[PDB]
Structures are given as structure tokens and as C-alpha cells.
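Here are the chains, one letter per residue:
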Amino acid sequence: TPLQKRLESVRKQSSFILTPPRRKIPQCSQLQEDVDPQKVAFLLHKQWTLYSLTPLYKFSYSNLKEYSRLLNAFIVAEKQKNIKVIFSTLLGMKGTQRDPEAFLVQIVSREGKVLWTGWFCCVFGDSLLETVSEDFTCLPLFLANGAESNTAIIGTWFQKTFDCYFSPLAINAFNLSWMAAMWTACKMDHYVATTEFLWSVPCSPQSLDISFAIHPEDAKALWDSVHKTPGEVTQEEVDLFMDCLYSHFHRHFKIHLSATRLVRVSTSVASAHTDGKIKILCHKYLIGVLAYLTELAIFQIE
Amino acid sequence: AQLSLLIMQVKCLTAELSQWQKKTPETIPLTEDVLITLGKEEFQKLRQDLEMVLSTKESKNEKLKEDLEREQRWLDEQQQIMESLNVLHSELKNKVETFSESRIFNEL
Amino acid sequence: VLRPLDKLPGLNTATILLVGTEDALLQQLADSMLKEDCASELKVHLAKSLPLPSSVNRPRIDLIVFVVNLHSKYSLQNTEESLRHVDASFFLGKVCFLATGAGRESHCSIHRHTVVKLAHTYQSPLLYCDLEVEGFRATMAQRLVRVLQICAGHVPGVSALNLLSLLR
Amino acid sequence: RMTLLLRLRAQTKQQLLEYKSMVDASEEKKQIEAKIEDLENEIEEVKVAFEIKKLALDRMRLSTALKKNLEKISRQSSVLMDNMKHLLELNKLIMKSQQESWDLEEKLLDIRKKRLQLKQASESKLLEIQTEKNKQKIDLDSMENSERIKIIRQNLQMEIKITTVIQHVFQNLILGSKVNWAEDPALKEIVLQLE
Amino acid sequence: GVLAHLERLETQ
Amino acid sequence: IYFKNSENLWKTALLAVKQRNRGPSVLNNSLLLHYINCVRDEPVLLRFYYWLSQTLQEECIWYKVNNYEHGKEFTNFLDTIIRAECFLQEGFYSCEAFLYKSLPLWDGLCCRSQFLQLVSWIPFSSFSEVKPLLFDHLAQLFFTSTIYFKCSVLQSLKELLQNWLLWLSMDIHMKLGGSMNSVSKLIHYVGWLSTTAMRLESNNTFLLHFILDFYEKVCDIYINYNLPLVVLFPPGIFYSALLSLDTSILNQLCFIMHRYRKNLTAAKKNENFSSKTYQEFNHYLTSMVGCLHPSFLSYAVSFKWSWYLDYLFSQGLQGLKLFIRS
DNA sequence: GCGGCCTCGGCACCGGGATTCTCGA
DNA sequence: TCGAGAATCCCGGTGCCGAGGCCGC
């Protein structure tokens, strides 16, 4: 139960038993309780570089001032090798009531020039909560956006004080295509941005990239062509949406896009890269986009 | 095709087992040679693995002697932490367990 | 449509036919599979899709390894399309599913379960590797060449039919 | 060549084996949970059908290679035998190399058994220590009643914090002045002030 | 060990 | 900087003073490894699991960028993991969890010496939940790699057998049947592994030597581990080494079967095994005791029956000694 | 010609110009 | 109906961390 449950989970995950996760179309997530409108709205249109964060040992959402000081005195000491660190519980970035409340880590520089704005969130991540003990407050997702240098310093501090480890979360093109499909399946209005899929062909000498940017309403009507079962999108439906893209690109330019790999799928819901600098959160679906992102972080942790 | 391949698999294992049982050991056409060609080849291959297996079974007791020293040291450090933890259990028994709250206030 | 026994064997000729959309990687795998001076003739064949334009004098093909580049969904849509032109008596032992690009796990347009489901629903071995690097090629080449001598019958105890009974 | 013709015989006695198996499968004309079961009961039954077949092949091979080598005693020098003397030497370098091995592994085995016995024993004993420290944790709930412990703890903290201030102004007043610090028997017990 | 050794008869 | 002293000039006199006094997160801590050895506690075996999983992932993804120079610290870190498990004696729960994740992707020789010592320390699971996940890949590479990887698996599974039987001996000490079925099935699957590996390599004596080295630890299950699990040879090894061509493998088989006689006799004292196991061992006896010959012929050529014996016996044939005395 | 030093530069995230399209002269 | 104001699509013009060069031991 305290570990052996996780061993059985690892067994289930490694078994790879008929995975196709028929996923519910990201439902309009009415902003739960507090969710500081200024804070969350500041947190939306920021390009979060995802990481996978192992559960934090001996963490508490009461000693935020002590960790703030302990990390502020560490960051400016890494400059010895002007900065304020504000740990801020977000109070609403959680899928179920039992999830740990998401909390921020902002490198505030004089004025509120937030240099780094870290973000640990655990939403709909009850595949990790029910397997880890009480001492660990598990937040699988870590969100950077500040320079990679400051991330590779706060990550070291977190490893030193909490025994949590940051693997840079890399969304594979399979998961990328999945999220590119469930985000054009959403029920949104006033599409903010075009549905762009930045492909990148695997040529050895050259590195040609393709931006198969579709009109966002035109991709919704193309998704409805391959959408038959409502409520949940299947792997076959996602693959048929992606293959309709393939058969509209190889039709035009005679180059098989399916022979290439997704690197970035911009959508009116949320942009999503591969190499880590992934989640822009244009719309307020972020509890669903973050649900997928946390479910993907479990895959890397577990 | 999973089922269409399982059916042909059982059909093929049936044929192979009915053909192996048909295979009587065919030693009658064995070899016209006096088998010195095959013999002094097989002993020479034996010479090829016998040096190649002594070289492995010499490393075997090399690592077994090294690990006998290492696990003897581990057993020593284990019996030490065993007797130490046992005497700590006996001593912490009814020495710090006999702790009163009012006596703890009097010590303060 | 390829059949396992449509042609007669040679003497020590073990003719494997690589299958993959990308062909430079197939050429690299073929080079590594002939780099070692094994005891068998190794007339390696390459291809892109199983129709395999009908040219007679093609030897008795003893192995078809479907190199499924996990980075590209094309390599599966061109394998699953090419999987329908293999004889059902060919899928028993003389079929392997190489999954190159696995392990990198960041370029994978294909979830490795999907290649696992494909290689299980066709009842054939599935050998992961990363063909782009010689360190994982010059050891997968010696795995395909020892599967080769099993399916081609060069090891005189194990058939291709006995092979899949081992790699289930 | 003969070795190459032998590799051929062998290869063809297996290629015709495959050919006959396939044509017999073509001559012939469901419960997937048991379809692999009546797939398994041959891969064990062909296995006993051909491990005995290979085992008869090997016994009739070794019997002839013994009788052919029974003619080897009757032959001349046979520099083979000069190579076999060194193989006797190698055997001595392995069966003695195993003579320690059934002894070295025996010693390592009871070493491992003693170590694991003391490991489970230590885990039980140290879990007893940890649950006794937990029992001292209930003794900790014996102070957080805080009816007179809290006030005395606070006035101890607010007094030692004066006793760590006046103390460190003795480490800084019998230092900066004309101290003659340690050549005096009063200060010597007051300087070097115990923490 | 005989595993670290068996990795150096693969080479040698 | 770091205790760089300047008393070196005084260290002429201070080296004389030394001579005068002469005359007049936890893996790289052996003194702390004993703590985690003794605490099977929840928040420490999990504080440690998460470090091992994220060190065997990040630093193994490090292979995908160097694979040559990173292949020496990873080897030297997996060596520390291996040593920590040999000391602590239970397989780290990230050691298997990394193995199931990285066995299908694994090649034959990439850290073979380290990966196939990790397999040894795998928490006995069921051999019905660990077989498909791991042993279906230690057969996918076992049957496609050379002898030098083949011998490195039946050795790997040889050590796995001991590391499962230790944890079963005290499962008798700390008070079965379904645990019994697991080691029995592991040994049979190796006994299935080791009849077809015998066939791939045309009865190579090197490989069957390691096979018997595995079975050298299968004869002594009852005597050594107090486990009633006398599993006899599958004949595809028994007679394949009986009618083998060297004695360092022949006396090996003889030692194994003598320990089999001893273990079966010990099991008859305390008590299916009896019926079919005794039938199979009397099969391996009457066939072989009548057979007790090619490597013995090599000795006889190099060479009054009792004197022949003495020539034997005296020349290292100790497994034959233990049989013949029995 | 290397050791800890430093300097350009691809990638990328944040700041105004002209097109949409709503409202006043 | 039409003219100025605001917002926001389209791509900069900027910010800022690895790569290449370079000078003691």
C-alpha cells in the first residue's frame, strides 16, 4: 500500500494494456473558488516550459515565508557564485478537492518584474496521490518561463531542500497530436489564434520546418468530419483528424507530413511545443490543459 | 489476423510434431569420414572454450573472493549494528520510557 | 504477395528483407548486419512497401523485419499497408518488427504500445532499437542475423516455426 | 569442404523439415484464452518430441565419436593427444577453480543468510525503536497540554536569550579590555563560559 | 564480475 | 581555498612532529547505507525511489546524446547501485521499475554487466506479473544475442535465483505454495530458456557450463534455503551434459545430481515431488549410472579399474567423487 | 596550443503600426 | 450612410543564454 501500490502501478503502466485513452473533450472549466483573477490571467498567456516534478518531501503549505527566504538567500548567493521570491498558493489549480493546491515561485526583481514565475500544479493527478504517502505533497507539473539559468538554480534548490527532481517534460508528437485534437474539439467561441501545427521533417543535412496553420473555425469543421462519438475523443478519431491534415498536405505539396514529427501545435485553447517550452495557455481551459499535462507528467514520474 | 494466425499456428505445430515423431534418429547416413575431421575439430573447439571458460571461472572466484571479503565486512558491520541496536533497544527500554510529564516540567 | 517458401533456398544464403519507409537508416542497418563476418551468406534485401515490384529471381526470402520508425506515423501507415501483402504463412516465424527511434521517446509520433499492439496482433517478435546510432545498430544487427539463421534454418535445431514459440 | 557439406546436410534436414511441416499444415483444412493453450501443449510436446530427438542424435553422435575415438587409441602419435594433455591441465584449472567455488559459494551463501537474518531482525528491532520513539511522541502529546509547560518554556527562552547575550559580552569584554583573562582563577571559570 | 568479464570477451 | 595550508615551511618541523609522534542521496555513504538497510519505512524508501527513478532516467537519456563518454559514469553509477543492493540485499524498487521500462528498449551489450546484475535484485513478484514484463524480454534478447550475452543471462538469472531464495528462506523464518510456484516456474522457464539456448549454439560447452552453474544452485534448494523445491534437470540439459565432451562440465553435472540425491534424501526425511520427480531422477540415474565415455575417454587415452578410478578422483573429478561415494 | 576567460548570435518572448470595424461630423 | 478610437492579426525589433575564440600552466 505505501510503496507496493506504486510498484503495482509501475507494473500496470509498463504492461501497456490497450492504452488508447478515449478522453473527454476539455470541458469549459468555470474558474473554481478563489483562482485570483489577476494572478490566473497573468498566468495564462505565458509560455510555460514544462518539467516533471517528483513529489516534494516534507513540504507544507504553511511555511511559505520560510521557503521564500531560504530560496531568496540561495538565488542571490548563486549570483555571488535585488531579487525577491514570493511563494504563493494559487488556491484553485486543482482538479479534485484532494489534490495539492498549486503554488507559485516568482523571482520578483525594485518593481514587480517577475523574472521567472515558477509554477507547480497537480490537477486531476489522482494517479499519484493515491500511491504516495502523506508526507509528500506531490506536484508532478513544474512550470518555468524564466530563463533556463534561473530554472536550473531553483530546481537545484528544490532538489537540495525537498528531494524533488525535475525532469524536463518533453511531450512526444503522439501526445502532442492528441492535445492538438482535443483542443479543436472544444466548444469555445471567438477563436484567439489559428490552429497551427509546426512540423519538423527528419532530414539529416537540413532541418526544414512546416507550419500547417489552419483557420481555427475551418479546423473545427474538419474535426466534426472525423468526430462521430461525442463526449469522448478516441485514438482513432484523433488519428483521423491528423490523417485528414496529412491528406490535405500530401495532397497539396506531395510531401508526406505523417513522415514528419510534430514540434508545436498552436491552438486557440493552448499552444504546446515538444522540447519543453510548451504550454501557452491562451484560453481559460487551463484546468483541462493542465489536467492533460499532469497526466503526462505522471507518465514520466511513474 | 490474430485469430487467423493462432489457427494456423496450431495447424503448424501439429504438422511439426507429427513430422518430428516421424523423424527417427537418422544415424545410418551419419558420415563416411572416420570422424577425425569432426573429432579434432570438436576437441579444438573444446580447447577454444576451455581456455575461454577457465578465464571466466577464474574471474568467478576472483569476484567471489573479493565479495567474500566485502560481505564478511558487511556482516561484521551488520552484527555490530545488530548488537548496538539491541543494546539501544534494551537501554531505551524503561530508561526514557519512564518519563513523566510533571517530572518533565520539574526538569524544566 | 510475398510467400516464405515461394523460392528454393541456397546453401548458406540467409536472405532477410528490411522494410521501412526511410531508406538511409535501412541502408545503415544492412551495412551493420554485414559488418560482422558471420558464417552465413547474407543477401540482405531492402524495400519500402511489401508489393515489392514483381521481379522474378528473387531468392527464398527468409526474414522480413518491418522497420517501423516510431518517429514517423508514415512508417506505420506504410507498414500496416504493407502488412496486408504478406502471406499468412509468412507471419509465423519469419517476421520481426523493428521499432527504430524508440528510447528517444521525444520524437515518437507513435506510442510504443501501438507498435506493441501491431506486433502482438500479428503474432511476431518486436525488437526495439535505435537504428540511428551504430552502438545500438551493431548489436541489433547481430540480433537480426541470429534470428536470420533461425528462420533460414541455419541453426540445425530451431525452425522459424519454433522461433515465435520463444519470443511470445 | 566436408564441414561445409555438413553445414548443408544439417541446413537441409531442417529446411525440408520446415517444407514438410508447411505442406502438412497445408494438407489439413476458437477460445483464444485456450487457443494459446492448445498452442502451448505442443510447444511443450514438440519440445519433448525433439529434445529427445536431438538427444538421440547426440547419443548416436557421441557413440560413434567414441568408437571412432576408440580407434584413436589404436592409432599413432596423434598430436591431438598432445593438445588433450593441456586440456587435462585446463580441467585441473577449472575443477579446482570450482573446488573453491562449491566452497566459496557455500561461505558466501551462509554469509548472505546470516546477513539477511540480521537484516530482517534489524528491521524489526529498528521498527520497535521507531515505534518506541512514537511512544515518546505520545509523551510529546504529554507536554502540549501546555498548562504550565508553555509559560516556563517561554520564560526559559526569554532568559537564556539574555544568558546568550550577557555571555557573549563576556567573550567580548574580557577580550577587548586590559583583560589578563586566563592568568586569573575567577574569570578562568567564568570566561570559557559553558554554552 | 563474470558479467563485467563477459563484456570483455565480447570485445576480446 | 580548501584547507590549502601555508604551514608547509613549518611542516619541516611539523613533519618531524608527525614522525616524532609516530616514534615517541545515500548511495555514496556506506556508513549511512546501514540505516536505510534497517528501515523499511515508507517516506525514506520513497524519498529514495524517486531519486533513483529520476537518476536512471535523466542520466540514461544522457546516453541519447553521448553514448560513449556518458557510458562510463552511468556504468560507474550503476555499479554503486549494484553494490548498494548487494549490501542492502533487497532490489531497489526503482531498480526493477527502471528495468521493466528499459529492458524492451535495451540492446545486448549496452551496460550488460550492470543491467544483468540489476535483474538479480528484482523484488520477487509472482513470476506471473514479472515474467511478461521482464522475462519475456530476457528471452527476446537471450535468443537473439551471442553466447557471451547468453551466459550473462543464465548467470544473471542464477544470481536472481539466489536473491529470490534468500527472501524465501526467511519467508519460512517469518512464517507458501503460491510463492513456491513462483521460484519453481522461474526455474522451469530458465529450464525452458536453457534447452533452446542449448539448441541455438549447437551444444556449446561454454554456455552449458553457465547453465549448470545455474543448476549448481538448483540442486541445493532444500539443503541450503530450507525450501522444498527440488526441481530436476529438463533432459535437454541433463543428457546434453551427460553425453557432453569435457569433464569440467561432466563433473559439474555429477556434482549437481549428487546434491540432487542429497536434497531428495533430505526431503524424504521431512516431506508432485515424490512420484514424478523421483521417477525423473531415477531416469537420470539408471540411464547415467549405466552410462558411468568421451571426455572420460580423453582421460583414459591420457592414461586396474580401481587404479583408473584413482587416476580419476585424484585428477580433480570431485563431483564424480561425491556421486561415487553416494 | 590549452585553462578559465570572454564575446556573437539563433531562438524566443514582449512592445507599437496599420487593418477591422465599430460609432460620430 | 462615415470619421476617429481601440484591439488585435502579422511580424518585427528586442532580450538573453550556449557556442566559438582566446590567453597561463
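Residues numbered from 1 in each chain as written, not as in the entry; some residues may be left out. Chains lettered and ligands numbered in written order. Part of a larger assembly, values for the part shown. Heavy atoms only, no water. Residues with missing side-chain atoms left out of burial classes, pairs and counts.

As deposited, the entry is annotated with cryo-EM as its determination method and 3.71 Å as its resolution.

Draft legend 1. Focus on the interface of chain D and chain B. In this complex, chain D contributes 69 residues to the contact, which on the side of chain B involves 63 residues. Only α1 (2–27), α2 (32–35), α3 (37–43), α4 (45–70), α5 (79–99), α6 (101–141) and α7 (149–163) of chain D provide two or more residues apiece to the side of chain D that touches chain B. It is α6 of chain D that provides the largest number of residues to the side of chain D that touches chain B, a total of 19 residues. Taken together, the residues of the side of chain D that touches chain B break down into 30 nonpolar, twelve polar and 27 charged. (Contact = heavy atoms within 4.5 Å. Helix = DSSP H or I, 4+ residues; strand = E, 2+ residues; numbered from the N terminus. Nonpolar A, V, L, I, M, F, W, Y, C, P; charged D, E, K, R; others polar.)

Draft legend 2. Fine view of the packing of helix α2 (residues 36–92) of chain B against helix α1 (residues 2–9) of chain E. Across the interface, α2 of chain B lies against α1 of chain E with an axial gap of 9 Å and an inter-helix angle of 150°. Classed by the angle they form, the pair α2 of chain B and α1 of chain E counts as roughly antiparallel. Viewed along their axes, α2 of chain B and α1 of chain E form a crossing whose handedness is right-handed. Contact with α2 of chain B, carried on its side by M52, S55, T56 and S59 of chain B, involves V2, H5 and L9 of chain E of α1 of chain E and no other residues of that element. Considered class by class, the residues forming the contact of α2 of chain B with α1 of chain E number three nonpolar, four polar and no charged. (Axes fitted to C-alpha atoms, helices over the stretch in contact; angles between N-to-C directions. Parallel < 35°, antiparallel > 145°, perpendicular 65-115°, else oblique. Left-handed = near helix turned anticlockwise from the far one by under 90°.)

Draft legend 3. Examining empty space enclosed by the protein more closely. If you add up the space inside the largest cavity, you get close to 330 Å³. Forming the boundary of the largest cavity are 22 residues, of which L64 of chain B, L108 and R112 of chain D together with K158 and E159 of chain F lie nearest the centre. Elements with a minimum of two residues in the lining of the largest cavity: α2 of chain B, α6 of chain D, α1 of chain E together with α8 (147–173) of chain F. Here the element with the most residues in the lining of the largest cavity is α2 of chain B; it accounts for six residues. (1 Å grid on protein atoms, 1.4 Å probe; cavity = no way out; pocket = protein on both sides within 12 Å on 5 of 7 lines; lining within 4 Å. Points joined across faces, edges and corners; volume = space filled by probe spheres on them.)

Draft legend 4. The protein's contact with DNA strand H, seen in detail. Close to DNA strand H lie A147, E148 and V192 of chain A, which account for all nearby residues. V192 of chain A places a polar main-chain atom, nitrogen or oxygen, 3.2 Å from a phosphate oxygen of DNA strand H. (Near = heavy atom within 4 Å. Polar contact = N/O pair within 3.5 Å; in protein donor to acceptor, adjacent residues only side chain to side chain.)

Draft legend 5. Quick look at helix α14 (residues 273–291) of chain F. All names here are of chain F. Listed in full, the buried residues belonging to α14 are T277, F281, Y284, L285 and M288. End-on, the buried residues of α14 take up no more than an arc of 105°, which puts them together on one face. Exposed positions of α14 whose direction lies more than 90 degrees from the buried face are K276, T286 and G290. (Buried < 20%, exposed > 50% of the residue type's maximum accessible area, 1.4 Å probe, protein only. Arc of directions from axis to C-beta.)

Draft legend 6. Representation of the packing of aromatic side chains. Residues and elements named next belong to chain A. By the definition in use, this model includes 67 aromatic pairs over all chains. Note on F87 and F158: the rings are 6.0 Å apart at their centroids and 15° apart in plane angle, and the pair reads as stacked. There is no split in this pair, since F87 and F158 are both buried. When the ring centre of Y57 is taken as origin, the NZ or CZ atom of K58, which lies over that ring, is 5.3 Å away. (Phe/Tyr/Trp six-rings, centres within 6.5 Å; stacked < 30°, edge-to-face > 60°. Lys NZ or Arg CZ within 6 Å of the ring centre and 35° of its normal.)

Draft legend 7. Looking closely at the pairing of strand β1 (residues 15–19) of chain C. All names here are of chain C. Counting buried residues along β1, five of its five residues qualify, which places the element largely inside the surrounding structure. Residues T15, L17 and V19 line one face of β1 and the alternating positions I16 and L18 line the opposite face, and both faces are buried. Direction of pairing for β1 relative to strand β2 (residues 61–66): parallel, over a ladder of five bridges. Across the sheet, residue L18 finds its bridge partner in β2, namely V65. A crossover connection joins β1 to the parallel β2 through helix α1 (residues 24–35); in handedness this β-α-β unit is left-handed. (Pairing = 2+ DSSP bridges. Right-handed = clockwise from strand over helix to strand, strands pointing away.)

Draft legend 8. Seen up close, the environment of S62 of chain A. Among the secondary structure elements, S62 of chain A is positioned in the loop between β2 (48–53) and α3 (64–80). A sequence separation of 15 residues divides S62 of chain A from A77 of chain A, and the C-alpha atoms of the two residues are 25 Å apart.

Draft legend 9. Representation of the pairing of strand β4 (residues 103–108) of chain A within the structure. Residues and elements named next belong to chain A. Of all six residues in β4, six are buried; the element is thus mostly enclosed. Here β4 shows two buried faces, one formed by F103, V105 and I107 and the other by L104, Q106 and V108. Judged from the six bridges that link them, strand β3 (residues 84–89) and β4 form a sheet pairing that is antiparallel. Note on β4: the bridge partner recorded for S88 is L104. Strand direction decides the pairing type here: β4 and strand β5 (residues 118–121), joined by three bridges, are antiparallel. Bridge assignment links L104 to a residue of β5, and that residue is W119.

Draft legend 10. Fine view of the sheet that holds strand β8 (residues 196–200) of chain A. Residue and element names in this part refer to chain A. Pairing is antiparallel in the open sheet, where three strands are placed in the order β9-β8-β11. Because the sheet does not close on itself, it has two edges, and the strands there are β9 (209–211) and β11 (261–266). Across the sheet, the mean angle separating the axes of adjacent strands is 15° when strand polarity is ignored. Strand direction decides the pairing type here: β8 and β9, joined by three bridges, are antiparallel. Bridge pairing in β9 links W199 to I210. Each of β8 and β11 touches helix α6 (residues 173–183); the most contacted strand, β11, lies at about 30° to it.

Draft legend 11. Molecular detail of the interface of chain F and chain B. The interface of chain F with chain B comprises 20 residues on the first partner and 19 residues on the second. Taking both sides of the interface into account, the surface hidden between chain F and chain B amounts to around 1700 Å²; carbon and sulfur atoms contribute 60%. Counting every contact that joins chain F to chain B gives one salt bridge. For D213 of chain F, the salt bridge goes to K57 of chain B, with nearest N and O atoms at 2.4 Å. Applying the counting criterion to the chain F and chain B interface returns three residue pairs in polar contact. When residues of the side of chain F that touches chain B are traced back to their parent elements, those giving at least two are α2 (30–38), α4 (70–88), α8 and α10 (205–215) of chain F. For the side of chain F that touches chain B, the element with the most residues is α10 of chain F, which contributes five residues. Residue composition of the side of chain F that touches chain B, by class: seven nonpolar, nine polar and four charged. (Buried area = accessible area lost by both parts, 1.4 Å probe. Salt bridge = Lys/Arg side-chain N within 4 Å of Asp/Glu carboxyl O.)

Draft legend 12. Focus on the arrangement of the chains. Comparison of the ten pairs of chains in contact shows the highest number of contacts for chains B and D. There is no contact between chain A and chain E; across them, the least C-alpha separation is 26 Å.

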